[PDB]
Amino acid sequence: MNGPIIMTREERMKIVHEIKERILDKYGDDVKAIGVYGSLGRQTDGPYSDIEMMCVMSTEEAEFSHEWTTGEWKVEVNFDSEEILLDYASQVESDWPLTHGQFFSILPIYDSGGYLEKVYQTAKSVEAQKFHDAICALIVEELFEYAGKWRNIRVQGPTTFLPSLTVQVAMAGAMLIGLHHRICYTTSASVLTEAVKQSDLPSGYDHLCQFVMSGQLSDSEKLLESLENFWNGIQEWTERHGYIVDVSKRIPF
């Protein structure tokens, strides 16, 4: 297994339509729609891309996937009932900016009743409260946790964790920015480059990303300073924008 290998878009689409034929052969009238998502769905796949497809099923409670390799390429096909997919499309978790670009990258190749259009409309019409709640949760569940981890590093080590943690913090900052601006990053590789181009960044986030994007992560004192500055920028930014969590109670239940 020396793959993945170089492939053309033409070769990838040939594979997509073979999979389409197998899906229709196997599930027949239970198939509501089939779409390609990811880079191939946007027709911006590069030489080494994977193949990602989604199938809307009529079967109640259908929720399964097939993910496999031939050693030279890899495919993931998800199968969901319409109800399960629409619910997923309207839930906003802390990694919504990483997961839900699926619904903005759909290339329908089969659709028996506007089903993929419905999916897109549901994904693009999520209410503002869900993004507000997800941002407040991200601050508590991830950012506050990371601050404790790098502050522990400052006092007791290990600095060998600091480069990885710094990457994690920059990624969480990109989720914060993506939820706030309601943007779904196009690829894994474009998360940080797209995050730092957005407007109204928390102070210190740009600088933190500069270390991560340059790969210059060996100066622990500079990183800890940049992390603290970003944590300060977070505090100012969330109160400016009203992402306020009541922290007054020792036990809030």
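All residue numbers refer to positions in the sequence shown, first residue = 1.
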query: Taking the recorded C-alpha temperature factors, which stretch has the higher mean, 133 to 141 or 153 to 161?
result: 153 to 161
query: Taking the recorded C-alpha temperature factors, which stretch has the higher mean, 166 to 174 or 111 to 119?
result: 111 to 119
- prompt: Quick one: which of 104, 146, 79, 96 has the biggest Cα B-factor according to the entry?
  reply: 104
field: residue 236 CA temperature factor, ranked by third within the chain
entry: highest
field: Assigned third (lowest, middle, highest) for the C-alpha B factor of residue 48
entry: highest
statement: In terms of its chain's C-alpha B-factors, the third that includes residue 19 is the middle
task: Sorting the chain's modelled residues by C-alpha B-factor, tell me whether residue 55 ends up in the lowest, middle or highest third.
output: lowest
- prompt: Which third of the chain holds residue 203 when residues are ordered by C-alpha B factor: lowest, middle or highest?
  reply: lowest
